[PDB]
């Protein structure tokens, strides 16, 4: 179910994650990394009010919340080989289990 994204170091990863607006208009969203045998790492989250279009920066991560297109877009800039790993976009609502959007992204940076 994971999709491979093969990129060269220095490139920017862009991932478009649709979300169901009827269900998740007023929910927080997040980008997570999934290290093997560890808890998900939440890398960047949207901010309140959760229904509003937004763009948040957190280090090399950018999350664009585009409800007009029922879309969350994630960008990671200046990729390094050590960014290689499994990631996902989610509906974020702890302590409830995240709802996975789209499909997991297997990022391979060389």
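Numbering follows the first chain given and starts at 1.
Taking the PDB entry as given, 51-59 carries the higher mean Cα B factor of the two stretches 64-72 and 51-59. Residue 45 sits in the lowest third of its chain by CA B factor, as recorded in the PDB entry.
In the PDB entry, a CA B factor belonging to the highest third of its chain's modelled residues is recorded for residue 21. Annotation for residue 32: C-alpha temperature factor in the lowest third relative to the rest of the modelled chain, per the entry.
Ranked by C-alpha B-factor against the other modelled residues of its chain, residue 96 falls in the highest third.
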